[PDB]
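Below is one structure; the comments refer to it alone.
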Amino acid sequence: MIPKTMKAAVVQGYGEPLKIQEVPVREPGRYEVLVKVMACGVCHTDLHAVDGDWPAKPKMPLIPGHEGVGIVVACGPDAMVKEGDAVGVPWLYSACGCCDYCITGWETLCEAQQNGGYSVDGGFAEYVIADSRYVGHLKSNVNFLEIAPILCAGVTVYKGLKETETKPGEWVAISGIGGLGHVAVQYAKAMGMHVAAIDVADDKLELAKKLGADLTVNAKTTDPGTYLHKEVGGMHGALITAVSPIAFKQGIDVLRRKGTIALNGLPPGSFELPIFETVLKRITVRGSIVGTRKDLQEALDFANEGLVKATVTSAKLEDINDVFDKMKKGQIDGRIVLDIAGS
Amino acid sequence: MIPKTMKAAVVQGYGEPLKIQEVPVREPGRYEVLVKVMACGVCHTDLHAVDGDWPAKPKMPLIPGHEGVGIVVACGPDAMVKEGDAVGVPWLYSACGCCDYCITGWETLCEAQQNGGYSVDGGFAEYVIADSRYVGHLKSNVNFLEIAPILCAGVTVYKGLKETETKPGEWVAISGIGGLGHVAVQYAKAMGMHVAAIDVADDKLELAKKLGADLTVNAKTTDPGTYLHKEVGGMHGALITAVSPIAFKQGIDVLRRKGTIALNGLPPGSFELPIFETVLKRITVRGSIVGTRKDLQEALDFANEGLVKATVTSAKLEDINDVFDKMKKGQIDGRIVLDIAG
Amino acid sequence: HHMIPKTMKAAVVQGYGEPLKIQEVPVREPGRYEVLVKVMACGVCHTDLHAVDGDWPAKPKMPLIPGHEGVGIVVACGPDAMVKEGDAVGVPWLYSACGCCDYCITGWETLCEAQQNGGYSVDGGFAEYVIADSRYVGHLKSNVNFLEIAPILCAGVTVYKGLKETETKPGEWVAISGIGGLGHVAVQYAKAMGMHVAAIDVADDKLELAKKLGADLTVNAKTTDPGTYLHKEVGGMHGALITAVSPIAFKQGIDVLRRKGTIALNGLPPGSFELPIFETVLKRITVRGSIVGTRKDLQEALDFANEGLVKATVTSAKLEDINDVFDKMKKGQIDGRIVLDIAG
Amino acid sequence: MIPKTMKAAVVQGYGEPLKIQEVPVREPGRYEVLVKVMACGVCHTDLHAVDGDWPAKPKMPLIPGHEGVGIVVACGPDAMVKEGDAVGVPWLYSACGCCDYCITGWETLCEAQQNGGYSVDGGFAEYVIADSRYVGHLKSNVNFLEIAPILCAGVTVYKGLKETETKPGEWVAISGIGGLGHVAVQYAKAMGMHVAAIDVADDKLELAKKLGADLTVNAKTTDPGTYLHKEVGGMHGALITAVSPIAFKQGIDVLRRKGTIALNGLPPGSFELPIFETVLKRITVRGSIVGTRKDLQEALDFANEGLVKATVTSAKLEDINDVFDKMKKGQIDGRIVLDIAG
Ligand SMILES: NC(=O)c1ccc[n+]([C@@H]2O[C@H](COP(=O)([O-])OP(=O)(O)OC[C@H]3O[C@@H](n4cnc5c(N)ncnc54)[C@H](O)[C@@H]3O)[C@@H](O)[C@H]2O)c1
Ligand SMILES: NC(=O)c1ccc[n+]([C@@H]2O[C@H](COP(=O)([O-])OP(=O)(O)OC[C@H]3O[C@@H](n4cnc5c(N)ncnc54)[C@H](O)[C@@H]3O)[C@@H](O)[C@H]2O)c1
Ligand SMILES: NC(=O)c1ccc[n+]([C@@H]2O[C@H](COP(=O)([O-])OP(=O)(O)OC[C@H]3O[C@@H](n4cnc5c(N)ncnc54)[C@H](O)[C@@H]3O)[C@@H](O)[C@H]2O)c1
Ligand SMILES: NC(=O)c1ccc[n+]([C@@H]2O[C@H](COP(=O)([O-])OP(=O)(O)OC[C@H]3O[C@@H](n4cnc5c(N)ncnc54)[C@H](O)[C@@H]3O)[C@@H](O)[C@H]2O)c1
Ligand SMILES: [Cl-]
Ligand SMILES: [Cl-]
Ligand SMILES: [Cl-]
Ligand SMILES: [Cl-]
Ligand SMILES: [Zn+2]
Ligand SMILES: [Zn+2]
Ligand SMILES: [Zn+2]
Ligand SMILES: [Zn+2]
Ligand SMILES: [Zn+2]
Ligand SMILES: [Zn+2]
Ligand SMILES: [Zn+2]
Ligand SMILES: [Zn+2]
């Protein structure tokens with residue numbers, strides 16, 4: 001039984017507080033399913049979307065959220081998942097399937113893609129319309145609150161770690177132990193890497209140590225590049241999940257020669273890439289954008305096997321503005337997940 | 001018959017004019033050979049050295065030159081080339097052979113390497129001591145003046161094009177059609193790529209068209225990214241050989257999604273890497289530093305087969321200051337090569 | 001619009017090894033995602049002969065209209081078709097794929113276990129009309145030469161992907177073994193990819209074709225041992241592509257490689273060949289099967305042809321002559337490719 | 001301090017029993033060191049050598065052994081390790097350092113290589129001459145008996161696993177849980193792989209399970225391809241360490257589409273490669289031969305961190321003939337290591 005209207009956190013304009021509104025519940029069309037949202041992780045991208053930080057703007061008005069997980073309650077024609085299935089609705093909400101990028105295994109680069117909680121309404125709501133062809137597939141007995149961050153934080157850093165090409169037994173630095181970074185530490189350990197964690201607050205490094213990091217460095221107390229070269233001779237790879245350009249520049253510093261640094265974090269603007277050093281050391285800098293459907297299933301398998309556990313605190317849908325305030329202040333221990341079915 | 005003394009172009013202090021001096025000729029030690037220099041290409045790296053543009057500084061005083069080619073006239077013990085061999089003395093003058101990087105095929109990254117015309121004296125002289133294990137091997141009937149740029153300009157851009165991973169049938173942009181860039185156009189065509197050439201003067205683009213470029217862009221008159229995306233939907237790869245940071249940023253602009261841009265040019269400082277675009281488009285930015293001994297042989301084979309031919313103008317060793325002046329003001333058509341033999 | 005007849009002529013095999021017969025076959029209306037293509041030409045692939053003879057362990061449907069180098073014009077569209085009436089298209093081996101499995105999502109739709117194969121599991125281009133999945137057809141330029149372009153739809157895309165699968169770089173040596181339908185365009189793709197090319201076959205006329213199409217070395221394996229000759233001449237191959245229909249060519253393909261060489265396999269004779277273990281291990285030999293190409297491989301392969309870098313050697317035949325065509329194919333008497341001129 | 005003569009296990013003719021002989025101890029020449037052997041692992045390659053199974057024959061007479069580990073007791077000129085260093089002397093005893101293969105990271109393919117205990121005398125002796133540039137470097141407090149198999153069994157399967165390109169979270173099959181296979185199980189788990197183990201005797205699969213295998217298959221009782229496809233849909237990769245051609249054929253059977261099977265085992269003869277299946281499934285078959293000096297250091301690091309521990313039983317040098325007879329009958333639990341210092 002599906003209600004006619006639902007509660008959803010809606011933003012009207014950039015930088016405005018979100019407001020809980022009553023929205024009509026839509027019927028799914030072709031390929032679509034209607035998902036009853038059990039939980040939805042809060043990604044920093046939702047904050048970038050609310051604030052309009054990016055040159056590519058979201059739609060307005062907007063229901064954010066692309067870590068939404070729940071149960072399929074209605075299917076349109078040609079749906080690829082059935083009622084009762086547990087699914088997640090991620091950033092890569094849909095792709096065309098017939099372009100250069102989709103056909104070659106790079107559907108994350110499809111120029112016709114739609115983005116959940118950005119170009120179409122997302123999981124900050126009691127129900128969400130999803131394209132059944134691109135949802136994450138969850139086990140029926142999944143813990144919705146704990147699995148939610150895998151739909152973006154998890155798949156993103158997992159794909160990012162593959163993009164660094166760091167091998168088992170090599171060193172990777174994770175810079176920014178937030179929502180993305182704290183699961184990045186765990187994926188990297190499950191991939192056989194030694195892990196150095198970089199942040200700017202000691203409690204973030206305490207989280208990394210709990211989750212398996214072999215080294216921790218507070219960039220405000222210690223220059224990361226000098227410290228990691230001194231300790232172990234520099235990193236084979238690095239993954240930048242931080243929201244500050246200076247972390248990107250320091251990420252270059254921590255690499256040994258032929259290192260590869262993958263970029264997830266999306267602050268506005270640029271960082272200075274030192275040319276001489278990048279050339280003489282054969283540094284590779286590579287942007288990495290969420291993950292394909294195959295990346296997503298692989299990332300979920302790591303969580304299903306207990307190798308990756310997101311650190312989660314539940315919040316109510318109505319408190320989303322307080323969640324964004326804590327996020328702006330760096331006060332979140334891992335991820336906040338909205339418990340939408342719980343209250 | 002080897003002289004005790006020789007003429008050499010020597011720099012004494014940064015930014016100072018070079019002077020032709022009489023310097024001693026050394027006898028080669030273990031693994032070393034003494035090479036009689038027939039020609040030596042003038043690389044912009046030589047200018048960065050004499051000006052001290054880089055944070056890692058050269059020795060001072062310094063004989064520059066790492067595009068030197070000539071004939072072996074004396075061998076130290078355990079030399080790996082013989083008297084009469086035609087050889088080249090490149091930037092990767094020597095490497096340790098036993099580190100992580102040398103063992104895995106990346107001897108260009110050896111942290112114990114020595115660099116010709118930078119950390120050791122180079123080819124701006126009548127004779128040069130070389131490590132016989134790292135010289136380029138030339139055919140006995142080589143044209144020394146024409147082959148000289150392959151020893152750095154050639155091997156560098158050839159390896160750089162490999163580092164872009166651009167495939168046959170894909171588009172590469174070459175930025176800066178100078179010493180490196182004008183042979184990069186030719187390697188790229190020989191590797192099956194379509195080639196877009198970018199520079200800031202029309203005569204550089206005329207050279208590129210002459211050498212096979214399919215598109216040309218004067219970045220001063222036309223935004224490279226806008227034009228190449230409009231014309232062909234953007235580049236699969238780019239190779240930056242230019243000496244200005246903005247060329248690196250415009251190099252990012254011209255790429256399509258999943259493009260890879262390889263960096264050769266070595267201007268001082270940094271360029272602004274746009275984070276959002278690099279992430280959402282899966283852009284790969286990769287530094288590329290000369291080439292291994294295997295890269296160098298491959299680069300020479302392309303030249304020997306007539307697929308790549310450097311555009312060369314000779315100058316006398318005493319004219320090196322005039323050469324650098326033309327280089328600073330961008331008036332060299334391809335490469336200058338010092339005709340040290342005659 | 002186009003006046004589509006209720007029946008058409010098609011070359012049909014009723015049982016394995018039997019001669020094909022021109023039959024009056026009903027013309028089908030396209031369903032969802034489907035289009036009806038009026039066939040202008042269809043290349044004859046040796047796979048069509050393996051299909052008619054039932055050579056393979058995975059059997060075709062029977063009865064069967066062969067042909068997966070069919071090219072023509074769309075004359076009818078089903079619902080949700082992805083090409084429109086009047087478009088020039090080709091109907092390849094990879095007739096359709098699921099689009100949502102592990103292989104489809106990761107760039108390997110040629111490995112889709114739910115794929116259908118043109119002229120094998122579904123009726124193909126040996127007919128005046130063919131039903132196609134509009135999502136997987138090759139896209140041709142409106143002014144294409146249908147007879148000349150047809151082999152790119154399988155011979156061309158296959159060897160192009162195969163050459164990529166060898167990982168042979170510009171300036172390196174590749175050997176092409178079997179200068180037939182696939183091999184004679186493989187020579188040209190390899191040259192356009194900057195490779196030096198050695199051609200191997202067992203009849204001098206095939207090596208004459210390879211030389212005329214750009215091969216740098218030729219060897220008749222009956223005249224000269226290929227491995228010894230190519231190691232003597234240039235020190236062995238960095239890569240090899242086996243397009244031959246005889247297992248001994250696969251064994252000799254191993255011989256021609258230098259250390260760290262990669263040999264990609266296209267040819268599909270029944271049975272196996274002997275892989276020498278000691279040699280393969282000590283030399284780090286890589287043997288890699290290669291199966292047609294993705295939609296992206298196909299567009300790339302067609303781009304080489306459109307630019308004049310690859311030109312199939314083609315002789316026209318009538319649909320009614322298909323049995324003589326197969327006879328010539330069995331005796332090794334085809335100079336490159338035979339293409340059925342169906343429109344004329 | 002160093003004797004003029006030593007005991008060594010020597011084979012005089014193919015298939016003959018080895019005899020313990022008194023042989024002179026040699027002085028190390030240039031680049032060479034003399035190693036006092038603490039232990040030496042027994043590799044099936046040693047048995048292939050003694051029996052002359054391979055078309056490339058060893059030197060005769062021969063001291064086998066290329067898992068020898070010990071202490072440097074004397075250095076020739078230009079030695080790269082010092083007296084007192086703990087080292088191992090592997091299959092890749094020396095390489096040229098200047099060919100196509102050495103320069104590109106593939107020194108295991110060097111056509112000028114010498115092979116320890118095959119083309120030069122090896123570790124089945126109280127002392128062994130080694131090339132100081134190619135020895136494995138061991139920690140001073142190493143357990144010599146337990147580390148010895150890493151010098152060939154360990155580095156070989158570690159490199160072989162890299163050659164399969166199996167990723168963390170994917171399935172690899174290890175075929176043959178012997179000297180190589182039982183450490184292959186451990187490297188694969190440390191590389192994040194799920195592991196299926198295949199052999200022809202239940203005790204070999206018990207060893208695999210104790211060392212971390214997730215699935216085991218007795219190929220004599222159960223078809224591996226049928227079982228592994230039914231259980232998990234086939235393997236992303238396979239590593240063949242077995243000594244019988246049928247294991248190679250069955251290794252093909254267990255792969256899913258786009259699987260890669262790497263070959264370590266070196267039985268004489270060939271195996272039947274099914275052409276249709278290899279093509280339609282895009283199967284990659286890849287030979288893999290020991291590992292480079294970098295591979296070797298990486299493999300030792302896994303052992304030093306406790307992620308890989310060889311299953312070892314000590315034997316005396318005089319027992320080598322019964323060790324080979326146990327090897328022929330498949331009765332070795334992992335590796336036998338000659339305890340030479342004891
Ligand atoms: N590329 C992708 O596919 C993708 C996907 C999801 C999120 N993101 C982006 O990743 C970024 C992080 O997202 P999140 O949800 O993890 O955010 P978050 O707010 O949970 O955590 C950010 C972390 O960065 C740390 N940090 C700040 N300055 C730092 C510095 N100088 N050095 C090191 N660490 C520093 C903070 O202490 C904090 O731990 C955002 O920009 C988001 O938009 C990208
Ligand atoms: N990485 C390596 O291995 C390596 C090897 C050799 C040289 N280099 C470096 O490469 C650079 C080029 O060397 P060269 O000898 O070819 O120099 P060069 O002086 O011959 O040519 C430089 C070229 O850049 C062009 N250029 C300048 N501003 C430009 C802009 N905004 N956009 C595009 N093109 C622009 C100039 O017109 C000129 O054609 C130097 O920094 C040199 O040190 C690096
Ligand atoms: N893997 C794929 O994707 C794919 C695609 C298309 C075709 N094929 C297969 O490729 C094979 C060839 O097809 P085709 O259409 O080119 O056939 P074809 O009959 O036109 O040519 C076969 C060629 O092999 C030569 N040959 C025969 N014995 C030889 C030997 N011992 N050594 C070297 N060459 C020898 C013949 O002389 C002839 O030139 C067939 O088995 C076909 O089914 C595979
Ligand atoms: N390629 C290399 O670099 C390299 C290095 C070292 C050794 N090797 C070779 O690897 C092989 C094995 O060496 P080892 O020391 O481990 O030998 P081993 O005798 O210790 O082990 C061989 C194992 O194979 C098993 N086996 C036999 N028949 C089998 C079958 N049908 N299926 C599966 N398993 C089967 C046996 O039960 C035994 O467990 C030898 O041929 C040796 O020469 C190669
Ligand atoms: Cl799940
Ligand atoms: Cl030359
Ligand atoms: Cl076309
Ligand atoms: Cl050790
Ligand atoms: Zn997100
Ligand atoms: Zn798309
Ligand atoms: Zn080195
Ligand atoms: Zn230079
Ligand atoms: Zn599929
Ligand atoms: Zn075909
Ligand atoms: Zn061994
Ligand atoms: Zn060598």
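The chains referred to below are lettered A, B, ... by the order of the sequence lines, with proteins before strands, and numbering in each begins at 1. Heavy atoms only: backbone and side chains are in, while hydrogens, waters and symmetry mates are out. Remember, it's 1-based here, ligands and their atoms both numbered in the order they're listed.
- Neither the backbone nor the side chain of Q250(D) has any atom closer than 4.0 Å to an atom of ligand 4 (non-hydrogen atoms only).
- Ligand 4 places these atoms under 4.0 Å from at least one heavy atom of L266(D): 9 (C), 40 (C), 41 (O), 43 (O), 44 (C).
- Relative orientation of the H66(D) and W91(D) rings is perpendicular, given thresholds of 30° and 60° on the angle between their planes.
- Within the structure, ligand 4 lacks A201(D) among the residues with a heavy atom less than 4.0 angstrom away.
- Relative to the six-membered ring of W106(D), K283(C) misses at least one condition, a distance below 6.0 Å or an angle of at most 45° to the axis.
- Counting the atoms of ligand 4 from 1 in the order shown, those under 4.0 Å from a heavy atom of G176(D) are 24 (O), 25 (C), 33 (C), 34 (N).
- Heavy-atom proximity to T45(D), at under 4.0 Å, picks out these atoms of ligand 4: 7 (C), 8 (N), 42 (C), 43 (O).
- From the protein, the heavy atom lying nearest to atom 20 (O) of ligand 4 is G179(D) N, 2.9 Å.
- Atom 32 (N) of ligand 4 has its closest protein heavy atom at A247(D) CB, 3.4 Å.
- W171(A) places no side-chain N or O within 3.5 Å of a backbone atom of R256(A) that could act as its donor or acceptor partner.
- Those atoms of ligand 4 that come under 4.0 Å of a heavy atom in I289(D), given as number and element, are 3 (O).
- Heavy-atom contacts of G178(D) reach the following atoms of ligand 4: 16 (O), 20 (O), 21 (O), 39 (O) (cutoff under 4.0 Å).
- Taking distances strictly below 2.8 Å, the protein N/O/S atoms close to the Zn ion (ligand 15) are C43(D) SG, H66(D) NE2, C152(D) SG.
- At a 4.0 Å cut-off, not a single heavy atom of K220(D) sits close enough to ligand 4 to count as contact.
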For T292(D) and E107(D), run side chain to side chain donor-acceptor pair (under 3.5 Å): C-alpha distance rounded to whole Å, both residues' side-chain angles, the deciding distance at 0.1 Å, then the answer. CA-CA 6 Å; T292(D) 74; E107(D) 56 188 12; 4.5 Å; no
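- Rounding to the nearest 0.5 Å places CG of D100(D) at 7.0 Å from NE2 of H238(C).
- A pairwise comparison of heavy atoms in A240(C) and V256(C) identifies CB-CG2, 4.4 Å as the closest pair.
- For the pair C40(D) and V128(D), the minimum side-chain heavy-atom distance is 4.5 Å or more.
- The ligand atoms of ligand 4 that sit less than 4.0 angstrom from a heavy atom of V281(C) are 1 (N).
- Around NZ of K230(A), the count of heavy atoms belonging to other residues, nucleotides or ligands within 6.0 Å does not exceed 12.
- The pair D325(D)-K329(D) fails the salt-bridge criterion, with no side-chain N (NZ, NE, NH1 or NH2) lying under 4.0 Å from an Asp/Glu carboxylate O.
- Using a 4.0 Å cut-off to heavy atoms of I246(D), the atoms of ligand 4 that qualify are 31 (N).
- The heavy atom nearest to atom 16 (O) of ligand 4, out of those in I198(D), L180(D), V42(D), is found in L180(D).
- Residue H44(D) touches ligand 4 through backbone and side chain together, judged by heavy-atom distances below 4.0 Å.
- Atoms of ligand 4 found under 4.0 Å from any heavy atom of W54(D), numbered from 1 in the order shown, are 43 (O).
- Shown here are the side-chain hydrogen bond (donor to acceptor under 3.5 Å, both in side chains) partners of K258(D), two or more places apart in sequence or in another chain: there are none.
- Distances from atom 37 (O) of ligand 4 to the heavy atoms of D53(D), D199(D), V155(D), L207(D) show the closest one on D199(D).
- Nearest to atom 29 (C) of ligand 4 by heavy-atom distance, out of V200(D), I177(D), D203(D), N264(D), is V200(D).
- Inter-residue side-chain proximity for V195(D) and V172(D) is flagged as met; some heavy-atom pair is nearer than 4.5 Å.
- In this structure the side chain of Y158(D) reaches within 4.5 angstrom of the side chain of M191(D), judged on heavy atoms.
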